[PDB]
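There are 4 protein chains.
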Amino acid sequence: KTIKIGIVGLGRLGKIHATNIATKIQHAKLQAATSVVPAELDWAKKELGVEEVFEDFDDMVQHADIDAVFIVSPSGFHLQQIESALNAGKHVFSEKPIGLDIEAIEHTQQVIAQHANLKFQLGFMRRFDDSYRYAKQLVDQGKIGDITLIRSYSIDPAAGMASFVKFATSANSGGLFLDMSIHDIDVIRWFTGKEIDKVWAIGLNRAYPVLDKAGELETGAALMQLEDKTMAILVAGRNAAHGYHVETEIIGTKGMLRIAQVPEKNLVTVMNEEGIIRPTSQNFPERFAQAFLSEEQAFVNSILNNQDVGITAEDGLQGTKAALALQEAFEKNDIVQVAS
Amino acid sequence: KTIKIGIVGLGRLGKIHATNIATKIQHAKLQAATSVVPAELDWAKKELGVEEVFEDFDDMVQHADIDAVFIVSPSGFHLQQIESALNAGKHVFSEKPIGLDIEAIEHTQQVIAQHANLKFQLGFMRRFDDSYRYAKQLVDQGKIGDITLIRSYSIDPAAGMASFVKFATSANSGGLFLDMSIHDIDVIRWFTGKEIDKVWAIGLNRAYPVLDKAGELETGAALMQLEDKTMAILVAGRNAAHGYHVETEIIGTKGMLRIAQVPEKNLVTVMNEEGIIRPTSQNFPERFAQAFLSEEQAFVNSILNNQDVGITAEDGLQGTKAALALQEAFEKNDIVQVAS
Amino acid sequence: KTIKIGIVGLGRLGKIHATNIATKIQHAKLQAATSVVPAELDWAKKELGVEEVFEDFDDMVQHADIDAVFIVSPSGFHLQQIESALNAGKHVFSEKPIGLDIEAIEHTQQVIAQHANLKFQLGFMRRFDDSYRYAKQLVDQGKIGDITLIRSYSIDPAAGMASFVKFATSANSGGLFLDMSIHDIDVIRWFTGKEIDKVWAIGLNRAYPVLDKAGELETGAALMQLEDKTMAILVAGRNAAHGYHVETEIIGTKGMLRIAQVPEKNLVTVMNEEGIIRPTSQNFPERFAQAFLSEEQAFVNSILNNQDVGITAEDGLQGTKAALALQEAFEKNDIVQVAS
Amino acid sequence: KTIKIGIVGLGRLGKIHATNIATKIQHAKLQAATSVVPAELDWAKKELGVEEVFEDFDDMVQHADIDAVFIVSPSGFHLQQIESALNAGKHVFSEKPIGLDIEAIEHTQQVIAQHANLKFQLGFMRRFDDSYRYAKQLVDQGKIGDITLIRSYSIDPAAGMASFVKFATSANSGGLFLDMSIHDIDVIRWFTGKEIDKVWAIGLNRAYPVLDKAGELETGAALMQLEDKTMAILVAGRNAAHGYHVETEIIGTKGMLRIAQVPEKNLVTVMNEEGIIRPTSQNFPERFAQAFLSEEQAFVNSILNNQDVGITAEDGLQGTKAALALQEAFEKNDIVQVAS
Ligand SMILES: NC(=O)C1=CN([C@@H]2O[C@H](COP(=O)(O)OP(=O)(O)OC[C@H]3O[C@@H](n4cnc5c(N)ncnc54)[C@H](O)[C@@H]3O)[C@@H](O)[C@H]2O)C=CC1
Ligand SMILES: NC(=O)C1=CN([C@@H]2O[C@H](COP(=O)(O)OP(=O)(O)OC[C@H]3O[C@@H](n4cnc5c(N)ncnc54)[C@H](O)[C@@H]3O)[C@@H](O)[C@H]2O)C=CC1
Ligand SMILES: NC(=O)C1=CN([C@@H]2O[C@H](COP(=O)(O)OP(=O)(O)OC[C@H]3O[C@@H](n4cnc5c(N)ncnc54)[C@H](O)[C@@H]3O)[C@@H](O)[C@H]2O)C=CC1
Ligand SMILES: NC(=O)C1=CN([C@@H]2O[C@H](COP(=O)(O)OP(=O)(O)OC[C@H]3O[C@@H](n4cnc5c(N)ncnc54)[C@H](O)[C@@H]3O)[C@@H](O)[C@H]2O)C=CC1
Ligand SMILES: O[C@H]1[C@H](O)[C@@H](O)[C@H](O)[C@@H](O)[C@@H]1O
Ligand SMILES: O[C@H]1[C@H](O)[C@@H](O)[C@H](O)[C@@H](O)[C@@H]1O
Ligand SMILES: O[C@H]1[C@H](O)[C@@H](O)[C@H](O)[C@@H](O)[C@@H]1O
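Here it is in structure tokens:
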């Protein structure tokens, strides 16, 4: 039949997932919707046709006619919400990060384990991106030999700095590497099958020095050594002049590849007095639209066919963990072991 | 609130539209199907859950519980099936070209006129393509000035040679200019708002002699002059070694642009002993997947909203007319006025 | 040893060649020079080290210690100046076109053949271009199979429009197709080994109203059929907004190539709010600096080795002839046979 | 007048410098050559017309008829050869790196200062590269704002692996960082005007067993922090499957640029069954041919015109200083300070 879904969270990404499930995802019905903001639930109802609205997640979980939940609430809320819906026997989708505190994660990683009758999936959608999957297949086919180095760039567009400042001046966290680099960590683990041993990170505020006063970072770089001495390089950022730069390079013994060497918007190339111009993708909903739909449909399908997707809490744990180590290494300006 | 659709044709493109309608197109349901190949209908029943199968189009429109038809039969059958379905009070989507005979088209267009309450939409899917649309927007905003020249390439992949030969020998395709270049003719018309005045076409078979034996042209080239002296160049063919080469260049007074200068498959760049490699899109279902989906949903949405899409019988007529002039100019090896 | 060379003509291109021979050309020596200028030669005199100034090739070729001339005088003067030096017993380099009147050209062709001890070289410099040569080697190696179509663009930069008008309004030379398209004709003959049978050309002025006033063509396009039904497409123009667009595409039975698909200036890529930008080459001395140098040196080496370069009067003849055929097809707006 | 030049070293690069000097460089003559390989000196006599040959450097500088020397001997021999040539009254060009020991360089630095009337130029040829100069121009013109990060890759071709092993096993190279990464260090300094504060470097051998045997690193990666907190990333290696990968990326407050994002060979694009192919430059002689010529002529002109080029022992010392730090960091696998 049709998988009834109650979503929690209708911010930036909530609205995308909401809209997709409602209108694009087959075998799916967006039945419930939770938010502490009434306007969103009114948008939910008088735009997507949502039936049961709530202001408390558990309220949604106990009374709603749903089989599964999409957790698109802020990070600090994920772990209790995952435990809570599993306890109510819901299948669970949670956005990244899985959570912030390791202990809690380790704890939730068993609740999920003890509910092996329920599907759990984490929102590392890059795993579903056609381009990443294309490369992943090349690597698995042995087309570049053995991986020696991965470089991954995740830089937010400068058009977003305005609202990042202001926000940064009103609130804090989760930090540059926990916001931007955790997808890269997962991409690194996915491709190599290895784990990260130690990291060093540096950072710089140069476009907007005021970020020094707000305890935030505009640009960051890191070097990592994996457990098998495979090398990794990261850049994270918030000030990309050209758009949304997410690029992943993989160097091997027999070749080399790059996924979005440049963030090509489409098949159009423009020529004018500037020279040869290629328009670019501008933000994550644009760049990763396809990936979001594919992860959404994967979840549903994993429930109907009783099949594991393969993105586990362990992947969530190690993501958050390595992210934290980058942050710590930045603060200390020194090398940090991930296991500590 | 839900459109039951009957499709005729389940071949190279028929199987795509069907699959799309049954599984991805909202407020639509693939209710019926028609094909002269029994294995295909078996496939519709089993894999797509299609209710009603027929081997006669006239039979489907009379007896199926449908609200609309998708015409994906070979080109020589289009006009008969449009009129029939119209006369049966069903909404009509027809693939290109609209027909192969001008006289018959004119007649069909007047039948469409009597039924000014039924929707008619032609399958010039390029108008729905994200990249083409983007370029259109650019041109509309004045980014390249006024158009001076359009060059358009539409070249089928060498790897599809066998499947083409089967298509080409199972029914009249109308030839290279009517089967391929008609997309380009429509693009030129879409972009300039002008009509083609006179043309000269040349051709050549050099790679695949089997095409001659099927009376099909392997590679064609043409020069066209529009009514306002806007210039245009076309190339069509059946032998692109690298994949599906569909490219449109628009030259203007203040710049120029190219749509799929090269048929980039994705965001993956590969580097090895051959050099820098970009994988390519391989065929129309891959390249134009999005477009096909968009035109399908636009067709369906037009029925529910009672508003026209703008791809008209007149666009079909004028396309076919120019295509026939290219064919004629090819046969005569001389300039031909579209007026004749 | 050292080849002693005298040059006639020292304007836009003349100053390039002379400056090259003096300073970068090996086993060669600039000695003589001639022009309608005391000036420009006033320039030549001082910071080139030009000893001898004249106003008559004949006057100039009379007293000088040289083995050879290098003809960079205007079109009309080539031939008469060609025979004179051969009448003087010198080896000869001349620029394109070889001349402008067919019967005249056919005459000189008889002469050159009668001085089978002397070197005659024509300045189709694209033959010495590293990129053109690379493509030629690929084609000759069978990498693309047999050539079915060649498309060639030669569009001058819009930034050069005022200097063009200045140049043109005061001294005609010699039409668009004859000025721009002749290199492309020569490239087509070079790669194919074939000759052009019939052509049709059209044209448009839309961007720069001064060209109307000057009686010049802004953009032209042409289709050509070669003697073996090999296809060819040409565009020439004066309004390339992005730079100097000289591109040549070669489609074959097993592949296709593009020489300067876009005119990349260097290895630098720029990324900003416009998107991804490739700076471009701006004019012919930039783009073909290497070619010009290589043709100068080949000529010299040709003397020293007594070995013929292979760019003949016949290549000159067929170039002007095809260019004249294009010009006539533009004027008449009909197909023209090259043999007329 | 003519600068009589004597060269030491006729290996991988020495044969190129020699050939250029004798055949391409104005106002210069390759009078003398020194090498520990007799077959090499013959080749100079037979092929380049070198009058005086030697097996010992001191020998050449005492007894040859020269004004200046090019030092292209292995790196551990540079400093003693610079000093010896200076004492003998000769101008000096030395290849990179200037030396391998800091105290020695400081001493050689003081010797250069005592002969301030003689020219000293170090062979950081990238400073002369047209594409690097263009990027430097853009940066100086504010086109990308202030520099936040430089990533630089220098990865030798896998095809050159045999020639490398000969080079590395015949004399001490100094390791990957002193031999390769030093170019990038200089670029970072040239662009930023700042010095490197601290580094961490890691490394891996995975493809070619000979390298470990020869005590060489196959691929290295490094994070550096400069004195003003400007970030830097390095990768160097000996196993690039696609060609010679020398790439330099500059990230800024207002934009970003890439020098040789990929090492495009020329203007030719190839299209076939593998997709879209760009051929690549294969090795240093190819990629930096122009640079090498420019620095040679710059050296020679500096002697004739008595104007300093501006690439100094201090540039040498600061580069060797940072490279050693990288080496130590690699060996210890921990952060190192350049000062201490
Ligand atoms: N997959 C990806 O690439 C990305 C994932 N994320 C993850 O997004 C989650 C959503 O982020 P945003 O939409 O940007 O945040 P947000 O602030 O934009 O929206 C949060 C949603 O929070 C709901 N919410 C807040 N407190 C709640 C509560 N106590 N109970 C129920 N709902 C509550 C808000 O009302 C709203 O419904 C985070 O895990 C974020 O990191 C965000 C961006 C990208
Ligand atoms: N928009 C586009 O890019 C494309 C459009 N097309 C158009 O789609 C149409 C279908 O082409 P393909 O699918 O390649 O052809 P095909 O040869 O693969 O399939 C034809 C289908 O029509 C059926 N058919 C044949 N004669 C029939 C009749 N008298 N009554 C009912 N059904 C009949 C066959 O059973 C088969 O199912 C053509 O007009 C073609 O021009 C095709 C490919 C791409
Ligand atoms: N190979 C190529 O791609 C190119 C070839 N050319 C050709 O090179 C030649 C020079 O063209 P431009 O430099 O553009 O011309 P220009 O406009 O610079 O004039 C060139 C020179 O011709 C001289 N001249 C004019 N009338 C003369 C006369 N009666 N006797 C002696 N000298 C006279 C002028 O003094 C001037 O010094 C032409 O044949 C031109 O078509 C030009 C551009 C590119
Ligand atoms: N700027 C650049 O991009 C490049 C710089 N280099 C630098 O140039 C230098 C030469 O490297 P390669 O030519 O690759 O080395 P190589 O090993 O290919 O050539 C060495 C040459 O030096 C001679 N030689 C060795 N020991 C000698 C001694 N004690 N006295 C006199 N001659 C001696 C050998 O006979 C041979 O002719 C190195 O310092 C290297 O770092 C090398 C290649 C590229
Ligand atoms: O029918 C033709 C269609 O118009 C094209 O888009 C497609 O590429 C061809 O294969 C079809 O024959
Ligand atoms: O003489 C023309 C030359 O052939 C072209 O290449 C160039 O672009 C034009 O400026 C010249 O007029
Ligand atoms: O000495 C190294 C030089 O600096 C590089 O440019 C070259 O690529 C290497 O092969 C050399 O060893």
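Protein chains in written order, with our numbering: chain A, 1 to 340; chain B, 1 to 340; chain C, 1 to 340; chain D, 1 to 340.
For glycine and all other residues, C-beta sits at the position ideal for the given N, C-alpha and C.
List the residues of chain A whose Cβ lies closer than 7 angstroms to the Cβ of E274/C, in chain order.
To locate residue 274/C, count along the third sequence from 1; it is residue 274. Chain A residues near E274/C: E274 and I277.
Give the secondary structure of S73/C by DSSP, where H, G and I count as helix, E and B as strand, and everything else as coil.
As a position in the third sequence, residue 73/C is number 73, starting the count at 1. The three-state reading of DSSP puts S73/C in coil, since its state is none of H, G, I, E or B.
Give a yes or no on contact between the region 157 to 174 of chain C and the region 247 to 257 of chain C, applying the rule of three or more CB pairs nearer than 8 angstroms.
By the Cβ rule, the region 157 to 174 of chain C does not count as touching the region 247 to 257 of chain C, because fewer than three pairs are nearer than 8 angstroms.
Given a cut-off of 8 angstroms on the beta-carbon distance, is the pair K321/D and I150/D in contact?
As a position in the fourth sequence, residue 321/D is number 321, starting the count at 1. As a position in the fourth sequence, residue 150/D is number 150, starting the count at 1. Taking 8 angstroms as the Cβ cut-off, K321/D and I150/D do not qualify as a contacting pair.
Can you pull the chain A neighbours of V300/B, defined as C-beta to C-beta under 9 angstroms?
For this step, residue 300/B is matched to residue 300 along the second sequence. Here the premise fails: no neighbours, minimum Cβ distance about 13 angstroms.
Between the region 173 to 181 of chain D and the region 327 to 335 of chain D, are three or more C-beta pairs nearer than 8 angstroms?
Contact between the region 173 to 181 of chain D and the region 327 to 335 of chain D is present, with at least three C-beta pairs closer than 8 angstroms.
Just checking, does the region 222 to 231 of chain A make contact with the region 200 to 210 of chain D on the three C-beta pairs under 8 angstroms criterion?
Contact holds: three or more Cβ-Cβ distances are below 8 angstroms.
Which of helix, strand or coil does DSSP assign to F164/D?
If you number the fourth sequence from 1, residue 164/D lands on position 164. Assignment of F164/D by DSSP, reduced to helix, strand and coil, places it in the helix class.
7 angstroms CB neighbourhood of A158/A in its chain, flanking five on each side removed:
For the purposes of this step, residue 158/A is taken as residue 158 along the first sequence, with counting starting at 1. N239, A240 and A241, listed in sequence order.
Minimum length 4: unbroken alpha helix (DSSP H) runs contained in the region 251 to 322 of chain B
You should have 284 to 287 and 289 to 305.
Going by other Cβ atoms of all chains shown within 10 Å of its Cβ, with 16 needed for buried, is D334/C buried or exposed?
Counting from 1 along the third sequence, the entry for residue 334/C is found at position 334. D334/C comes out exposed.
Which of the three DSSP states is assigned to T148/A in this structure?
Locating residue 148/A in the first sequence gives position 148, counting from the first residue. Strand, per DSSP.
Through-space distance from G160/D to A298/D, alpha-carbon basis
In the fourth sequence, counting from the first residue as 1, residue 298/D sits at position 298. In the fourth sequence, counting from the first residue as 1, residue 160/D sits at position 160. Each residue's alpha carbon lies about 29 angstroms from the other.
How would you call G243/B, buried or exposed, if buried means at least 16 neighbouring beta carbons within 10 angstroms?
Indexing the second sequence from 1 puts residue 243/B at position 243. Answer is buried; the Cβ neighbour count reaches 16.
Min CB distance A135/B to chain A below 8 angstroms
One-based indexing of the second sequence puts residue 135/B at position 135. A135/B has a beta carbon lying within less than 8 angstroms of a beta carbon in chain A.
Sequence-ordered residues whose beta carbon comes within less than 6 angstroms of a heavy atom of ligand 1
Residues with a Cβ closer than 6 angstroms to any heavy atom of ligand 1, in chain order: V8/A, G9/A, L10/A, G11/A, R12/A, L13/A, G14/A, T34/A, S35/A, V36/A, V37/A, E40/A, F57/A, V72/A, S73/A, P74/A, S75/A, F77/A, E95/A, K96/A, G123/A, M125/A and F284/A.
Which residues, in order along the region 246 to 274 of chain B, keep a beta-carbon less than 7 angstroms from a beta-carbon of chain D?
In summary, the residues of the region 246 to 274 of chain B whose CB is separated from some CB of chain D by less than 7 angstroms are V262, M271, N272, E273 and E274, in the order they occur in the chain.
The beta strand (DSSP E) with residue 341/C in it runs from where to where?
Only positions 1 to 340 of chain C appear in this structure, which leaves residue 341/C out of reach.
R206/D, DSSP secondary structure in three states
In the fourth sequence, counting from the first residue as 1, residue 206/D sits at position 206. In the structure shown, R206/D sits in coil (DSSP, three-state: anything other than H, G, I, E or B).
Exposed or buried, which one is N266/A when buried takes at least 16 other CB atoms within 10 Å?
On the first sequence, residue 266/A is found 266 positions in, with the first residue counted as 1. So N266/A ends up on the buried side.
For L30/D, decide whether its Cβ has a neighbour in chain A, counting only Cβ atoms nearer than 8 angstroms.
For the purposes of this step, residue 30/D is identified with residue 30 of the fourth sequence, where counting begins at 1. For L30/D, the answer is no, since every Cβ of chain A falls outside 8 angstroms of its Cβ.
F70/C: beta carbon under 7 angstroms from a heavy atom of ligand 2?
Taking the third sequence and counting its residues from 1, one reaches residue 70/C at position 70. Relative to ligand 2, the beta carbon of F70/C is positioned no closer than 7 angstroms to any heavy atom.
Exposure of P97/C, with buried meaning 16 or more beta-carbon neighbours within 10 Å
Mapped onto the third sequence, residue 97/C falls at position 97. Under this definition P97/C is a buried residue.
What residue from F124/D, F57/D and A33/D has the CA that sits closest to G49/D's CA?
Within the fourth sequence, the letter at position 49 stands for residue 49/D. The shortest C-alpha separation from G49/D is found at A33/D.
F288/B CB to nearest heavy atom of ligand 2 below 7 angstroms:
As a working note, residue 288/B is residue 288 in the second sequence. Yes, the Cβ of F288/B comes within 7 angstroms of a heavy atom of ligand 2.
Count the C-beta pairs between the region 181 to 195 of chain C and the region 305 to 320 of chain C that are closer than 8 angstroms, then say yes if the count reaches three, no if not.
Inter-segment contact for the region 181 to 195 of chain C and the region 305 to 320 of chain C is present: three or more beta-carbon pairs are separated by less than 8 angstroms.
Indicate whether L257/C and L138/C have their beta-carbon atoms separated by less than 8 angstroms.
By one-based count along the third sequence, residue 257/C stands at place 257. By one-based count along the third sequence, residue 138/C stands at place 138. Their beta carbons are under 8 angstroms apart, which means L257/C touches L138/C by this criterion.
With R238/C as the anchor, note down where its beta strand (DSSP E) starts and where it stops.
Translated into positions along the third sequence, residue 238/C becomes position 238. Where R238/C is concerned, the enclosing beta strand (DSSP E) stretches over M231 to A240.
What's the gap between the Cα of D65/C and the Cα of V53/C?
Position 65 of the third sequence, counted from the first residue, corresponds to residue 65/C. Position 53 of the third sequence, counted from the first residue, corresponds to residue 53/C. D65/C and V53/C: Cα-Cα distance of roughly 14 angstroms.
Could you check what DSSP says for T34/B in three-state terms: helix, strand or coil?
Locating residue 34/B in the second sequence gives position 34, counting from the first residue. DSSP places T34/B in strand when its eight states are reduced to three.
Taking only beta carbons into account, state which residues of the region 121 to 132 of chain D come closer than 7 angstroms to chain C, listed in chain order.
Taking 7 angstroms as the cut-off between beta carbons, the residues of the region 121 to 132 of chain D near chain C are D130 and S131, in sequence order.
When you measure from the CB of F177/B to every non-hydrogen atom of ligand 5, does any distance come out below 7 angstroms?
In the second sequence, counting from the first residue as 1, residue 177/B sits at position 177. For ligand 5, no non-hydrogen atom lies closer than 7 angstroms to the CB of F177/B.
With C-beta atoms as the reference, is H91/A less than 8 angstroms away from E296/A?
Numbered from 1 along the first sequence, position 91 holds the residue referred to as residue 91/A. Numbered from 1 along the first sequence, position 296 holds the residue referred to as residue 296/A. The answer is no: Cβ separation not under 8 angstroms.
Taking the straight line between their C-alpha atoms, what separation do you get for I112/B and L211/B?
As a working mapping, residue 112/B is identified with position 112 in the second sequence. As a working mapping, residue 211/B is identified with position 211 in the second sequence. Approximately 36 angstroms between the Cα atoms of the pair.
Is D140/D close to chain A? Criterion is C-beta to C-beta, closer than 8 angstroms.
The residue given as residue 140/D occupies position 140 in the fourth sequence. Under the 8 angstroms criterion on CB atoms, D140/D is classed as non-interfacial with respect to chain A.
Roughly how many angstroms separate the alpha carbons of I196/C and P285/B, rounded to a whole number?
Against the third sequence, residue 196/C aligns to sequence position 196. Against the second sequence, residue 285/B aligns to sequence position 285. Rounded to the nearest angstrom, the two C-alpha atoms are 38 angstroms apart.
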